[PDB]
Amino acid sequence: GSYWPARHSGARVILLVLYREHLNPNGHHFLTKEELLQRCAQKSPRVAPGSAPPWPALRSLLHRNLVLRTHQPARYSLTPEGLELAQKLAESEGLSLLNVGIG
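Counted the way the deposited numbering counts, the sequence shown spans residues 1 to 103.
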């Protein structure tokens, strides 16, 4: 619509990754910065172990009201905008993030 990050970019990978866990009622609608890094591992295989793209960007997203910071452990959560966009970013992944079993 208006704001559309790049492919597998920082702001994109984060809102989308928060999305799946957000769709998890029995798994908390959020994730810690430490858990996110683990999530990205599935976000894309090509990703390398010694490769950590700029993630602090999420902080700036809190300002755009796409993400939500918490108590610190700063739990991050998808807001209305982050949710909408995330659903879109999910289309690209076939939306098989939360539930995966290919192999």
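The C-beta atom is built at its ideal place from N, Cα and C for all residues, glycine as well.
Check                                                                                                                                                      : Outcome
What three-state label does DSSP hand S9 in the structure shown?                                                                                           : coil
Quick check on this structure: which residue in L85, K33 and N26 has the alpha carbon closest to the alpha carbon of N65?                                  : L85
On a CA-only basis, which of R7, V47, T32 and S51 is nearest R75? Give me that one, please.                                                                : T32
With H, G and I counted as helix, E and B as strand and the rest as coil, what does DSSP make of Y3?                                                       : coil
Taking 7 Å as the limit between beta carbons, can you name the residues of its chain near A90, skipping five residues before and five after?               : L16, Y19 and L97
My output table needs one value for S77: the three-state DSSP class, helix, strand or coil.                                                                : strand
Under the rule that 16 or more other beta-carbon atoms within 10 Å means buried, what is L37, buried or exposed?                                           : exposed
Out of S9, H28, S92 and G82, which one is the CA nearest neighbour of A52?                                                                                 : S9
Hey, quick one: how far does the alpha helix (DSSP H) through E93 stretch, first residue to last?                                                          : Segment: none, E93 is in no alpha helix (DSSP H) and carries neither H nor E.
Leaving out five residues on either side along the sequence, give the residues of the same chain with a beta carbon under 6 Å from the beta carbon of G82. : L15, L66 and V67
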